[PDB]
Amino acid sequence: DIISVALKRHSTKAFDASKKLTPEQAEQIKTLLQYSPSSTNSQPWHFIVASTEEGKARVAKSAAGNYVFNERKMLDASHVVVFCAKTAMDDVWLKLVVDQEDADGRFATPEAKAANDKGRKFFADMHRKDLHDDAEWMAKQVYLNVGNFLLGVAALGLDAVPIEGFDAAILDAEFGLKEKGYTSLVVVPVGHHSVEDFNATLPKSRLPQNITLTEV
């Protein structure tokens, strides 16, 4: 029951370090990351999945200064996913996407492929040429992926917490992201909460629909 899932999930504030994902769960979270939708199937993303103690420690380097209050979340979780966006949408990437759709059998003719390519380039060009906002456009797709992921892991029975409170300059440098054409946006530790997760026993709060919703 997905409504139950959405109401019962919460942002975990403390993880049980003794509780790890099963091998199947580890495969399943990667599937969730991969199969998120995105505008034009542009998939303008990279994920770092940290499962080792060293890998997690490397990510937790970003929980520094004002962000130290998120360090233990990264360290004690089973798996920590860093969601990264491309910094620029280039034609090489657009070619990878369309070539992949072709390999998967989505095009009946070379002319269907070309038309799909031209449509995708229309949207990309709107951002990278007209509005000069392709960085933010791609970042939006990554945040969409994040929303999909949080509901997904909850439906798997897994605890998680989305994290914007991290130093992306430190995290980018740690994984050489800038040179590779990426930048880190959101860190999401995943696992099982401990008894120290104070947010497990607080009521969920949201603004009333009277404020956020209009019907016509």
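From 1 onward, residues are counted along the sequence shown.
- Two stretches are in play, 158-166 and 59-67, and the higher mean C-alpha B-factor belongs to 59-67.
- Annotation for 47-55 versus 149-157: the higher mean temperature factor (C-alpha) is found in 47-55.
- In the PDB entry, the Cα temperature factor peaks, among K13, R206, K20, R9, at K20.
- The entry assigns its greatest Cα B factor, within the set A103, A85, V82, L144, to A103.
- In the deposited entry, the Cα temperature factor of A112 places it in the highest third of its chain's modelled residues.
- When all modelled residues of the chain are sorted by CA temperature factor, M89 is found within the highest third.
- Compared with the other modelled residues of the chain, the Cα B-factor recorded for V186 ranks in the lowest third.
- Per the PDB record, residue ranking by Cα B-factor puts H132 in the highest third of the chain.
- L177 sits in the highest third of its chain by CA B factor, as recorded in the PDB entry.
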